[PDB]
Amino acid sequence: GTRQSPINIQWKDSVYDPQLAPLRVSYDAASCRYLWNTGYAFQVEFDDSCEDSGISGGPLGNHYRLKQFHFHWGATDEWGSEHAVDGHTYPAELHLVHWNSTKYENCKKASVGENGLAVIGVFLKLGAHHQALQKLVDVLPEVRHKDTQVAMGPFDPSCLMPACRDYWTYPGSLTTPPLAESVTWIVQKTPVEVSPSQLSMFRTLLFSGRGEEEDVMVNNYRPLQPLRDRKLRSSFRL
């Protein structure tokens, strides 16, 4: 593929696009359903029945419905994020996945189709405790094994995003099989602070299933891929 993700977001390749319309983010917290261990990461699933929960504007042709969000992290605080910024890797990265409900019938089909997905990437860095994230951390002990799940109460994913919403956008792909190049990436420039214990709890999950030899879930990120001739745009002046 020539549009693979993640990438090292570099100043030299960035071009400011002042024409980008305001990115509108509005989720229905009441649509949250459960959290589960996918065998690769932990993920929060939503009921994407309504079309009033997701994002629009920015580099998107229309509204994309929120389906789920998940995290990627490392064995220690020194690495873990998928994308890098001018060579710098963060301890973890949050991915909010939305699908094109205008061009596609459902997430599944949109996930492998052109312009099927819009994924927001958020970097997590060490700092102050993050209250919203803690609601998720609290139940991680319930989903240690692969495929296990736990019910979720309402949860607004916007609470996991930085106040400053500057972002970079580029056409990319999924970072897990089938690695389809169906994603319009929106990577937030401003990392979000989380306490040391929150990242430590991420590392208590397992890749392995119940009754199997424990295989610790860490370093669940894909290595950096070349930008190639892709257009990397910034929503903010460089």
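From 1 onward, residues are counted along the sequence shown.
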Next item on the list: Compare the mean C-alpha B-factor of 61-69 with that of 43-51 as given in the PDB entry, and name the stretch with the higher value.
Entry: 43-51
Check: Do the C-alpha atoms of 85-93 or of 111-119 have the higher average B factor in the entry?
Finding: 111-119
Item checked: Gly209 CA temperature factor, ranked by third within the chain -> highest
Margin query: Taking only the Cα B-factors deposited for this chain, tell me whether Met152 sits in the lowest, middle or highest third.
Written below: highest
Notebook entry, point to check: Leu224: which third of its chain by C-alpha temperature factor?
Noted result: middle
Notebook entry, point to check: Mind checking which third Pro178 falls in for C-alpha B-factor across the chain?
Noted result: highest
Note to self: When the deposited Cα B-factors of this chain's modelled residues are ordered and cut into thirds, is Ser101 in the lowest, the middle or the highest one?
What the structure shows: highest
